[PDB]
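Asks: My structure is below; once you've seen it, I'll send some questions.
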Amino acid sequence: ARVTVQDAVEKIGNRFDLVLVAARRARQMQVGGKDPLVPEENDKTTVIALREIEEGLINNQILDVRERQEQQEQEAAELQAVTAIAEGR
Amino acid sequence: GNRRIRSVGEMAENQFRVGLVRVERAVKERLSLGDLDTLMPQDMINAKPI
Amino acid sequence: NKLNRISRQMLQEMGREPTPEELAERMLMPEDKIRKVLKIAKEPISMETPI
Amino acid sequence: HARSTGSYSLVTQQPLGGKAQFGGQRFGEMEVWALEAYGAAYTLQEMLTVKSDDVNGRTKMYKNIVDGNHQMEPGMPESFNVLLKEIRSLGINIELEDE
Amino acid sequence: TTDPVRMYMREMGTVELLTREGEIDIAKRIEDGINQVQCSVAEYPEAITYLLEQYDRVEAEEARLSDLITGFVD
Amino acid sequence: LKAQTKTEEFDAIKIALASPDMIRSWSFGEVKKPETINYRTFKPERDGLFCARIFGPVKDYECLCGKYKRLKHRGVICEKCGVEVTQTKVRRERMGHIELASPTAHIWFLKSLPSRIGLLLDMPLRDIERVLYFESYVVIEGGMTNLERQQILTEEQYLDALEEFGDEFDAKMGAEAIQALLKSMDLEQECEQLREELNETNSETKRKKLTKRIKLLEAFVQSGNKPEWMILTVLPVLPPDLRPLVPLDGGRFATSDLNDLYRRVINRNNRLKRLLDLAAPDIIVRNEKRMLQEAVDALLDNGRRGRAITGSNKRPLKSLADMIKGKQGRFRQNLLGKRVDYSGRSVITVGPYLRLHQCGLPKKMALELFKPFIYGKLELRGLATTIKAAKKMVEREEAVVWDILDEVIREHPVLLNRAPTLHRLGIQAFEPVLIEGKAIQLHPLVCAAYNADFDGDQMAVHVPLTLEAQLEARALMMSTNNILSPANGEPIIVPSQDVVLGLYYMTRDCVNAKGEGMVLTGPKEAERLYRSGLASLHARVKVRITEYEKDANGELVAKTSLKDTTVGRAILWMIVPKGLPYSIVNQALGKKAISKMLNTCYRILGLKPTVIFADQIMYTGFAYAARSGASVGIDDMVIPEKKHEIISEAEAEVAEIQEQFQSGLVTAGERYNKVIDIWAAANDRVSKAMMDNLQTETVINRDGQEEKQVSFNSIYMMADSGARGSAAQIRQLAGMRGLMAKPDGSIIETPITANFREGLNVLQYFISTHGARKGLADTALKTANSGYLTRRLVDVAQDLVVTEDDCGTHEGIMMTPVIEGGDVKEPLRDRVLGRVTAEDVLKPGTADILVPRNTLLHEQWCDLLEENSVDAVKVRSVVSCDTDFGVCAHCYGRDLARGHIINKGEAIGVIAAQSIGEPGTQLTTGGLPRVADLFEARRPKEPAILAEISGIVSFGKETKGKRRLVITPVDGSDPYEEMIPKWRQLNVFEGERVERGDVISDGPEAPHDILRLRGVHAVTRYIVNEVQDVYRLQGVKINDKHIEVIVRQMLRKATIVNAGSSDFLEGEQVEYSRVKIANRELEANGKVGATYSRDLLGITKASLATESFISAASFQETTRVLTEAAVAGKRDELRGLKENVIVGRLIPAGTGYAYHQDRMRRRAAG
Ligand SMILES: [Mg+2]
Ligand SMILES: [Zn+2]
Ligand SMILES: [Zn+2]
């Protein structure tokens, strides 16, 4: 278990944005889009996300960056599909 | 000395009293127009009211 | 209304009150209709009734 | 007593024990303040919307719980939705503006 | 005092009760009035021919006698 | 880009009057008949209050006639009887209408206390009602003849006026007249004329009402509402399912009273329509119109006229206004307030084995609670084919399911709640532990925050479904994250009784005990000595210990020495983590010291080390207390040997004073007080006798003859350690108990000479009863009163939340020690702790800054202030914060259950109110009612008076009932002379100069004055110091912060003085205003800025003003709020807490604060 979140609160000051950020990450794992960034002890995504904050590899900046990266990762696949919609003309 | 104690017996008497007054109005109302020997003390006094 | 009238006399006349089938013979119709008629005739209870 | 998903009141959709499977615990105003003192917004919304008063949100939630997706698609509590019609039943025009 | 029961009781109480003779007076006035309109209806040419066109529909089975007249004198 | 038309996510809300066509928009048909259901087949009769055509299908997706029963057919309107086949849910939405023959007045706008139609037309109410009942004629658009526009005429008078002027004059009566008035009214023209007339005549009587009326009018103009709409043409009908006819058991039916009401309105209406085509006389159609008016009024809000009674039932039928209204305001969110799924409850028990972060949960409760989680998890791993098969599994309770439950339980917090939730600790999150049995087990250390005894109190459980709720629970509401009271930084997790009795018995020392004098290498072999039976738990011994001090730079130093200690303290040291010095465990460890231990541990090592520490302390406390074999016997209560003699000597005293009264040497009253005094002194004598005997009487031998130490007698240890019991209660057990008081409040002069160890006779017990009875009564009533206090408080605060980071004002209040009459009734270090300095503070010499400008003052900084002699520090407060519409975190303080500075977005208003309210149970002029008077600003009964202005004053005129006081300023103008009644004994020296705000008499002073004359900082200091006096007398620790935020809300409004933008005398928000003159200070007008005067509003008065009307309709009187808003067309933007709770979206605070912020900026933007 994770008894006290104090260490995570150190990493992100607000402690409310912690709930938000840890949430956003916890759903990335629960809905299967991704996998944990740190050994899962049988901890549910709630606690796995908190360990990821404690280890400093996940926060609002990183996630926004990663997501902004993934946007271009899908835009690369569909590149031909959506440009084939030239029928708009 | 100014606090009096009632109990089932006293209270029931009051309710039975209330029943008799609401039946009283009826008995007078019927005995107003009553025909002489036809009606008797049954047709007047009801049950349900008391 | 006809039933109320009978129930009035029969209340003290019988000393208890006419049985559910008592007014039935007194009334013309099939006489089992007392139950049906008596039910739909009832007025709905206020849904705001404090309990 | 414990209750997961029981019956619901008709007039306002709210948990009600009809089977002697008891209606849920009563969450009061003081408890709302308790949630307001903590920074917990989502617990409070789910408390007075999907867990109780939202005739839609409740089913959309339950299906997600078995699917393994913890979310809420909250919608509007039916209580407030009734207050709108009750106000609107008078001569008062009450609308929801903007976007 | 509001309570509309009162504002009725007080509004009608102004109207004075009719004497048994006064009743016939008013009733007599009615007869004159109606007979005027009855006579006034009798003086319209279209009012007759229409009644004619209606009874011709009655004899042609396009209507019934109950839907036109309630009876004459007799 | 296009906006939208269909469903977006709305912000704000608007409310206004409804046009007849507007009402028709909602209506999907006109209800033409009073019929409800067919009476045999219970189907709805068409065109009736229940109608399939107008409203909706009785059953889902099925036509009424039954022609189209297939789920494919949807948008089809049946050709036989038109019913669009759709879910029965739509019968809960679609409205209807009724077209009324004659116009009808809306009871809300006729009878609201400030009658709206009345003051809109500038016409009295009784006249307007007289016209509605056809009891007189009223003029409309009189033209130029003889008559006023609003003049009222009688029967004969109307006739005479008509013969003279046939046309160019008009008069009507009844509803149609009023509607004609409102339509003819030109608001623009009336406004202009009223503006001129306002200026011309100067009288307070005149312009008060004048300004009130003009405000409404221009508002009503700006509203968009047209006056005619207060008269109903069309009447909306509420959807059927909101007043259902649904069947019951035994075939009986039950329906809402509205039907009974609605039915009536229709009939009368229909009859009137009939009575028009029948050409009835006036006297009848008039009566019918009145009857229609009565029915409509009764429908909307019943009880403002005749109070119509429902059919066959005496109890008056509940109308639509009573559905909204209630106790208090709205039923929906008010207590109480909606039932919630996924919950349960039961009797609670101990469970001492628990770690502080967990709780025992009965097996059966958890199974039923997590049912959906269990169902979904069972088929995720494939132990169940489908959801149904999973249901059968848990319904069969197959053995395999318990392990699956351990999965869904492991990391998944649950919420625990107790009955009187006061502060936020009333609900706390725990990690569930599956437990056989039906009782909830609760960690002892938490029992204090809940005020939960074990005498059978029950607790409730809530499951946090959404992911955000799990993380909110774990990161906010979790047990381990709140260890400190938000009211004061002291730990609320302080060990309670058994645990502290253990540690007291552990670190204690007797004079001679096994192992005395020996020396040991370390704590490990100390326990080895004790557990093996060689050494006694308490014996004086030197042992080598290794302590730690982190006094280096972020670095733990180590030092070892031979400490002179006991065996128990040696053993206990094993728990103390790292950087604490051994000095903390070397004492006797009473309940007071044992708390400061945990506190320091928190302020030094941080959170995590303190938690595991706390757990260990509990475990060892219970354990060692059990070894101790502490008990309580009847021979444990030692009565003084001198008691009977003391009673006798005091008994002689009473007979002496009595002899003096028989001979008239002393008056009756003087006797009573005297006799009462000697008995009281006697009680003190006996108390301090048995206390000496009981405390020290252990007399024991070490190698010599004698010595005496503090007693090991059981009951003393309880009272001494701080576990339970106190000198007062002990005094009642052994020494005599008190002098009770007769009911009228006097105190009987023959006290209770016996005690509980001895017997009480008949009389003594009987006299004891009143104290008991008054005790129980007082608490049981004062408990409710306390709650009421919190209510007003959270209403007046609430929406206050930390918004900016630093508002950047140097302003703040001067914090000094309380220094009351003796030495320091409360120090400086406590007053300034955790707050932020307003400006840099000097040493005794200067160009030396000890604390630099705004810095959080923590334990080291406060001690640095203590190192130097600095006696006074100015501190930023929430009352002075420059931030508008909120408080900047820099101005608040650090306080939380965590030591860090308060986070951005935490809602301080609630926690302020809660922190003040929770201790309110312990209070008892003076007491809890004194607090209520303070926060309500109430001016006292016989107040003092303060000098209005500085300068030399003198007495003037003579005795009229006021003897005038004339003040003469040095430079400025004299003219201030206040009329003070001279029969009140004065103070102010007739020949001396008094500063403004000096004592012109004695007695309390109204804080209104203090605000006005002395200033803002002065009054806030007065409130905090007075209320803190009240609480501190009872021993309640409440930080001044909380009191200050309530204070800030007290002064939210101010009254303008100067002008150039807004109105002269308007009371208005200092947030709005200050932001308005700060905007004006530049740009705009060069400076047109207006001067205000800060005002003091009592708590119940300040809560009245809230911009959002949805909030006000909650706790205020619903009817007035809705109306007064509906005329102005007020648009509620939410933005607050109360309102957002009603509508059911994210609170604009805490976790939600990100949402509202992100939305608020999207709004009024591109
Ligand atoms: Mg109890
Ligand atoms: Zn059909
Ligand atoms: Zn500030």
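Ordered as shown in the structure tokens, chains take letters A, B, and onward, while each chain numbers its residues from 1 and ligands are numbered from 1 in the order shown.
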Compute the set of protein, DNA and RNA residues whose minimum atom distance to ligand 2 is at most 7 Å, using only C-alpha atoms and all ligand atoms, and state it as an mmCIF file with N, CA and C atoms, in the first residue's frame.

Replies:
```
data_model
loop_
_atom_site.group_PDB
_atom_site.id
_atom_site.type_symbol
_atom_site.label_atom_id
_atom_site.label_comp_id
_atom_site.auth_asym_id
_atom_site.auth_seq_id
_atom_site.Cartn_x
_atom_site.Cartn_y
_atom_site.Cartn_z
ATOM 1 N N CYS F 63 -47.639 2.724 -28.332
ATOM 2 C CA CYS F 63 -48.761 3.598 -28.586
ATOM 3 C C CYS F 63 -49.872 3.311 -27.584
ATOM 4 N N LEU F 64 -50.706 4.320 -27.340
ATOM 5 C CA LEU F 64 -51.788 4.129 -26.382
ATOM 6 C C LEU F 64 -52.781 3.104 -26.891
ATOM 7 N N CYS F 65 -53.254 3.302 -28.119
ATOM 8 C CA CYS F 65 -54.250 2.414 -28.700
ATOM 9 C C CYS F 65 -53.711 1.002 -28.862
ATOM 10 N N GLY F 66 -52.405 0.868 -29.050
ATOM 11 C CA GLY F 66 -51.763 -0.422 -29.120
ATOM 12 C C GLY F 66 -51.465 -0.837 -30.534
ATOM 13 N N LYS F 67 -51.695 0.054 -31.497
ATOM 14 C CA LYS F 67 -51.508 -0.297 -32.895
ATOM 15 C C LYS F 67 -50.034 -0.492 -33.192
ATOM 16 N N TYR F 68 -49.198 0.441 -32.759
ATOM 17 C CA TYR F 68 -47.762 0.329 -32.970
ATOM 18 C C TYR F 68 -47.140 -0.080 -31.639
ATOM 19 N N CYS F 78 -49.366 8.129 -33.914
ATOM 20 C CA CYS F 78 -50.452 7.227 -34.276
ATOM 21 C C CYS F 78 -51.595 7.992 -34.932
ATOM 22 N N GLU F 79 -52.126 7.430 -36.021
ATOM 23 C CA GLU F 79 -53.191 8.108 -36.756
ATOM 24 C C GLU F 79 -54.519 8.046 -36.010
ATOM 25 N N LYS F 80 -54.720 7.019 -35.182
ATOM 26 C CA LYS F 80 -55.978 6.871 -34.448
ATOM 27 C C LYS F 80 -56.021 7.876 -33.304
ATOM 28 N N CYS F 81 -55.195 7.659 -32.284
ATOM 29 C CA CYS F 81 -55.021 8.605 -31.190
ATOM 30 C C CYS F 81 -53.559 9.016 -31.187
ATOM 31 N N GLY F 82 -53.302 10.301 -31.429
ATOM 32 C CA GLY F 82 -51.931 10.725 -31.631
ATOM 33 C C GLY F 82 -51.104 10.548 -30.378
ATOM 34 N N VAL F 83 -50.161 9.610 -30.420
ATOM 35 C CA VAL F 83 -49.170 9.413 -29.370
ATOM 36 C C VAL F 83 -47.856 9.050 -30.035
#
```

Asks: Give as a list in words the residues surrounding ligand 1 up to a distance of 6 Å, considering only C-alpha atoms and all ligand atoms.

Replies: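 Protein and nucleic-acid residues within 6 Å of ligand 1: residues 455, 456 and 457 of chain F.
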
Asks: Store the residues of this selection in a file with C-alpha atoms, as a PDB file, in the first residue's frame.

Replies:
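Result saved to again_14.pdb:
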```pdb
ATOM      1  CA  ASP F 455     -20.867   2.774  23.983  1.00  0.00           C
ATOM      2  CA  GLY F 456     -22.704   1.680  20.846  1.00  0.00           C
ATOM      3  CA  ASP F 457     -22.260   4.535  18.399  1.00  0.00           C
TER       4      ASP F 457
END
```

Asks: So which residues are near ligand 3, meaning at most 12 Å away with only C-alpha atoms and all ligand atoms counted, given back as a ChimeraX atom specification?

Replies: /F:801-812,835-838,854,875-893,1045,1048

Asks: Store the residues picked out above, limited to N, CA, C and O atoms, as a compact mmCIF listing (two decimals), in the first residue's frame.

Replies:
```txt
# COMPACT_ATOMS: atom_id res chain seq x y z
N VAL F 801 -12.39 31.25 -0.84
CA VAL F 801 -11.38 30.25 -1.15
C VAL F 801 -10.07 30.93 -1.52
O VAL F 801 -10.05 31.99 -2.14
N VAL F 802 -8.97 30.26 -1.20
CA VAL F 802 -7.66 30.79 -1.58
C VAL F 802 -7.54 30.80 -3.09
O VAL F 802 -7.68 29.76 -3.74
N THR F 803 -7.31 31.98 -3.65
CA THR F 803 -7.34 32.16 -5.10
C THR F 803 -5.99 32.63 -5.64
O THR F 803 -5.37 31.90 -6.41
N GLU F 804 -5.55 33.82 -5.30
CA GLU F 804 -4.25 34.28 -5.78
C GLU F 804 -3.15 33.62 -4.97
O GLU F 804 -3.39 32.88 -4.01
N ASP F 805 -1.90 33.89 -5.33
CA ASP F 805 -0.79 33.34 -4.58
C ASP F 805 -0.38 34.35 -3.52
O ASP F 805 -0.53 34.10 -2.33
N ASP F 806 0.07 35.53 -3.97
CA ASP F 806 0.41 36.66 -3.11
C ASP F 806 -0.24 37.91 -3.66
O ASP F 806 0.10 38.36 -4.76
N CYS F 807 -1.11 38.53 -2.86
CA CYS F 807 -1.74 39.77 -3.31
C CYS F 807 -0.78 40.93 -3.30
O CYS F 807 -1.01 41.91 -4.00
N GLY F 808 0.30 40.82 -2.52
CA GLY F 808 1.36 41.81 -2.43
C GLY F 808 1.01 43.14 -1.79
O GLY F 808 1.21 44.21 -2.37
N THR F 809 0.47 43.08 -0.58
CA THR F 809 0.26 44.26 0.24
C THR F 809 1.14 44.14 1.47
O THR F 809 1.31 43.04 2.01
N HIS F 810 1.72 45.26 1.89
CA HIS F 810 2.50 45.25 3.11
C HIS F 810 1.63 45.21 4.36
O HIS F 810 2.15 44.99 5.46
N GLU F 811 0.34 45.44 4.19
CA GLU F 811 -0.61 45.61 5.29
C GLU F 811 -0.73 44.34 6.12
O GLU F 811 -0.55 43.22 5.64
N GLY F 812 -1.07 44.52 7.39
CA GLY F 812 -1.25 43.41 8.31
C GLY F 812 -1.50 43.94 9.70
O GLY F 812 -1.40 45.13 9.97
N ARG F 835 2.15 31.87 10.61
CA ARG F 835 1.70 33.03 9.87
C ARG F 835 2.89 33.60 9.12
O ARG F 835 3.98 33.03 9.14
N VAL F 836 2.66 34.66 8.37
CA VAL F 836 3.71 35.24 7.55
C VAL F 836 3.95 36.68 7.98
O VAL F 836 3.00 37.42 8.27
N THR F 837 5.22 37.07 8.06
CA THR F 837 5.57 38.39 8.54
C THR F 837 5.12 39.46 7.56
O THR F 837 5.31 39.33 6.34
N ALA F 838 4.59 40.56 8.08
CA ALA F 838 4.20 41.66 7.20
C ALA F 838 5.40 42.44 6.70
O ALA F 838 5.47 42.77 5.51
N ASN F 854 8.31 38.90 4.08
CA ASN F 854 7.30 37.86 4.16
C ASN F 854 7.98 36.50 4.10
O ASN F 854 8.53 36.09 3.08
N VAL F 875 1.91 40.93 11.30
CA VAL F 875 1.61 39.72 10.55
C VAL F 875 0.49 39.96 9.55
O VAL F 875 -0.51 40.61 9.88
N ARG F 876 0.67 39.47 8.32
CA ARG F 876 -0.36 39.58 7.31
C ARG F 876 -1.57 38.76 7.73
O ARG F 876 -1.42 37.63 8.22
N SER F 877 -2.76 39.30 7.53
CA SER F 877 -3.97 38.59 7.91
C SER F 877 -4.96 38.57 6.76
O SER F 877 -4.89 39.39 5.84
N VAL F 878 -5.91 37.64 6.86
CA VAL F 878 -6.90 37.48 5.80
C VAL F 878 -7.86 38.64 5.77
O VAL F 878 -8.57 38.82 4.78
N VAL F 879 -7.89 39.44 6.84
CA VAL F 879 -8.80 40.57 6.88
C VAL F 879 -8.23 41.73 6.07
O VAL F 879 -8.98 42.56 5.55
N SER F 880 -6.91 41.81 5.95
CA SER F 880 -6.27 42.90 5.25
C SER F 880 -5.89 42.56 3.82
O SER F 880 -5.38 43.43 3.11
N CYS F 881 -6.11 41.33 3.38
CA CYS F 881 -5.61 40.91 2.07
C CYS F 881 -6.19 41.72 0.93
O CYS F 881 -7.41 41.83 0.79
N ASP F 882 -5.32 42.17 0.03
CA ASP F 882 -5.73 43.02 -1.07
C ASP F 882 -6.48 42.27 -2.15
O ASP F 882 -7.21 42.91 -2.91
N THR F 883 -6.35 40.95 -2.21
CA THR F 883 -7.04 40.19 -3.24
C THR F 883 -8.54 40.40 -3.15
O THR F 883 -9.12 40.37 -2.07
N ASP F 884 -9.15 40.65 -4.30
CA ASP F 884 -10.59 40.84 -4.35
C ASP F 884 -11.20 39.51 -4.75
O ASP F 884 -10.61 38.77 -5.54
N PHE F 885 -12.36 39.21 -4.18
CA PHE F 885 -13.05 37.96 -4.47
C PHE F 885 -12.23 36.74 -4.03
O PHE F 885 -12.11 35.76 -4.76
N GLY F 886 -11.60 36.83 -2.88
CA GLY F 886 -10.87 35.70 -2.35
C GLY F 886 -9.71 36.14 -1.49
O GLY F 886 -9.51 37.32 -1.24
N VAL F 887 -8.95 35.16 -1.03
CA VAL F 887 -7.81 35.37 -0.14
C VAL F 887 -6.56 34.83 -0.81
O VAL F 887 -6.57 33.72 -1.34
N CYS F 888 -5.47 35.59 -0.75
CA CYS F 888 -4.20 35.09 -1.28
C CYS F 888 -3.52 34.19 -0.26
O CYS F 888 -3.49 34.49 0.94
N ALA F 889 -2.93 33.10 -0.75
CA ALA F 889 -2.37 32.09 0.14
C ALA F 889 -1.28 32.68 1.01
O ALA F 889 -1.12 32.30 2.18
N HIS F 890 -0.58 33.67 0.48
CA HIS F 890 0.48 34.31 1.23
C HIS F 890 -0.07 35.01 2.45
O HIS F 890 0.60 35.08 3.47
N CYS F 891 -1.31 35.48 2.39
CA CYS F 891 -1.86 36.21 3.52
C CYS F 891 -2.44 35.31 4.59
O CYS F 891 -2.62 35.75 5.73
N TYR F 892 -2.73 34.06 4.25
CA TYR F 892 -3.45 33.18 5.17
C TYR F 892 -2.52 32.62 6.23
O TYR F 892 -2.57 33.01 7.40
N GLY F 893 -1.68 31.69 5.84
CA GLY F 893 -0.89 30.96 6.80
C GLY F 893 -0.60 29.58 6.25
O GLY F 893 -1.01 29.22 5.15
N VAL F 1045 -11.13 35.14 9.33
CA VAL F 1045 -11.84 35.00 8.07
C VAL F 1045 -13.31 35.30 8.25
O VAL F 1045 -13.91 36.00 7.43
N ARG F 1048 -13.49 38.93 8.20
CA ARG F 1048 -13.44 39.53 6.87
C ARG F 1048 -14.80 39.51 6.21
O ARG F 1048 -15.22 40.51 5.61
```

Asks: So that I can check the secondary structure, give me every residue of chain E assigned helix (DSSP H, G or I) by backbone DSSP, as number ranges by chain.

Replies: E: 5-12, 20-42, 45-59, 65-67

Asks: Go ahead and compute the interatomic distance for atom CA of residue 434 of chain F and atom CA of residue 415 of chain F, in Å to one decimal.

Replies: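 Atom CA of residue 415 of chain F lies 15.0 Å from atom CA of residue 434 of chain F.
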
Asks: Compute the chain B side of the contact with chain C at 10 Å, counting only C-alpha atoms, and hand it back as a PyMOL selection string.

Replies: chain B and resi 42-43+45-48

Asks: Counting only C-alpha atoms, what is within 6 Å of segment 9-19 of chain B, bar same-chain residues fewer than 3 positions away, as a compact mmCIF listing (two decimals) with N, CA, C and O atoms, in the first residue's frame?

Replies:
```
# COMPACT_ATOMS: atom_id res chain seq x y z
N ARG B 6 -54.10 12.24 35.34
CA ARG B 6 -55.13 11.46 34.68
C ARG B 6 -54.61 10.05 34.47
O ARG B 6 -53.50 9.70 34.89
N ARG B 22 -71.87 14.58 20.13
CA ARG B 22 -72.13 14.56 18.69
C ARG B 22 -73.33 13.69 18.34
O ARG B 22 -73.95 13.91 17.29
N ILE B 50 -70.75 7.21 18.14
CA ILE B 50 -70.19 7.10 19.49
C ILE B 50 -68.95 6.22 19.48
O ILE B 50 -67.90 6.59 20.02
```

Asks: With the cut-off set at 8 Å and counting only C-alpha atoms, tabulate each residue of chain F with an atom at most that distance from an atom of chain C, showing the nearest atom pair and its distance in Å to one decimal, ordered by chain and increasing number, as CSV.

Replies:
```
residue,atom,partner,partner_atom,distance
F:39,CA,C:40,CA,7.1
F:40,CA,C:40,CA,7.8
F:251,CA,C:39,CA,7.2
F:252,CA,C:44,CA,6.5
F:253,CA,C:44,CA,4.6
F:254,CA,C:45,CA,4.5
F:255,CA,C:47,CA,5.0
F:256,CA,C:47,CA,4.8
F:257,CA,C:46,CA,6.1
F:317,CA,C:48,CA,8.0
F:318,CA,C:48,CA,7.3
```

Asks: Got time to write the residues from that selection, C-alpha atoms, as a short mmCIF file (atom, residue, chain, number, x, y, z; two decimals), in the first residue's frame?

Replies:
```cif
data_model
loop_
_atom_site.label_atom_id
_atom_site.label_comp_id
_atom_site.auth_asym_id
_atom_site.auth_seq_id
_atom_site.Cartn_x
_atom_site.Cartn_y
_atom_site.Cartn_z
CA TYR F 39 -62.12 4.44 -14.22
CA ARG F 40 -62.13 0.87 -15.46
CA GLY F 251 -55.85 -1.63 -5.38
CA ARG F 252 -56.11 1.81 -3.79
CA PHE F 253 -54.76 4.84 -5.58
CA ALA F 254 -52.73 7.75 -4.33
CA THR F 255 -51.99 11.04 -6.03
CA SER F 256 -50.45 14.42 -5.38
CA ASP F 257 -52.57 17.23 -4.10
CA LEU F 317 -53.51 20.49 0.22
CA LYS F 318 -49.89 21.27 -0.59
#
```

Asks: Could you list, as an MDAnalysis selection string, every residue within 12 Å of residue 34 of chain C, counting only C-alpha atoms and ignoring same-chain residues fewer than 6 positions away?

Replies: chainID C and resid 2:4 19:28 40:41

Asks: Report as an NGL selection string all protein, DNA and RNA residues lying within 12 Å of residue 41 of chain B, evaluated on only C-alpha atoms, omitting residues in the same chain fewer than 5 positions from it.

Replies: (:B and (27-28 or 30-31 or 34 or 46)) or (:C and (12))

Asks: Counting only C-alpha atoms, which residue out of F:1001, F:19, F:333, F:211 sits closest to residue 1142 of chain F?

Replies: F:333

Asks: Considering only C-alpha atoms, return as an mmCIF file with C-alpha atoms, in the first residue's frame whatever protein or nucleic-acid residues lie within 12 Å of segment 1033-1035 of chain F, sequence-local ones (same chain, fewer than 2 positions apart) excluded.

Replies:
```cif
data_model
loop_
_atom_site.group_PDB
_atom_site.id
_atom_site.type_symbol
_atom_site.label_atom_id
_atom_site.label_comp_id
_atom_site.auth_asym_id
_atom_site.auth_seq_id
_atom_site.Cartn_x
_atom_site.Cartn_y
_atom_site.Cartn_z
ATOM 1 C CA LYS F 825 -2.239 34.433 29.496
ATOM 2 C CA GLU F 826 -0.934 33.235 26.067
ATOM 3 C CA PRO F 919 -15.339 22.810 19.970
ATOM 4 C CA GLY F 920 -18.586 24.726 20.600
ATOM 5 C CA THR F 921 -19.968 21.705 22.449
ATOM 6 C CA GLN F 922 -17.713 22.389 25.460
ATOM 7 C CA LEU F 923 -18.891 25.959 26.099
ATOM 8 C CA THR F 924 -21.568 26.935 28.588
ATOM 9 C CA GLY F 926 -19.971 34.662 29.058
ATOM 10 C CA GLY F 927 -20.294 31.379 27.218
ATOM 11 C CA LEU F 928 -21.452 30.233 23.818
ATOM 12 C CA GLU F 1026 -12.880 39.032 22.975
ATOM 13 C CA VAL F 1027 -14.017 35.772 21.376
ATOM 14 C CA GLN F 1028 -10.644 34.165 22.064
ATOM 15 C CA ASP F 1029 -11.114 35.178 25.669
ATOM 16 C CA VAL F 1030 -14.410 33.269 25.782
ATOM 17 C CA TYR F 1031 -12.963 30.072 24.292
ATOM 18 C CA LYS F 1037 -7.416 26.105 21.343
ATOM 19 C CA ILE F 1038 -8.585 27.872 18.185
#
```

Asks: Give me, please, the distance in Å between atom CA of residue 29 of chain D and atom CA of residue 341 of chain F, quoted to one decimal.

Replies: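 Between atom CA of residue 29 of chain D and atom CA of residue 341 of chain F the gap works out to 16.4 Å.
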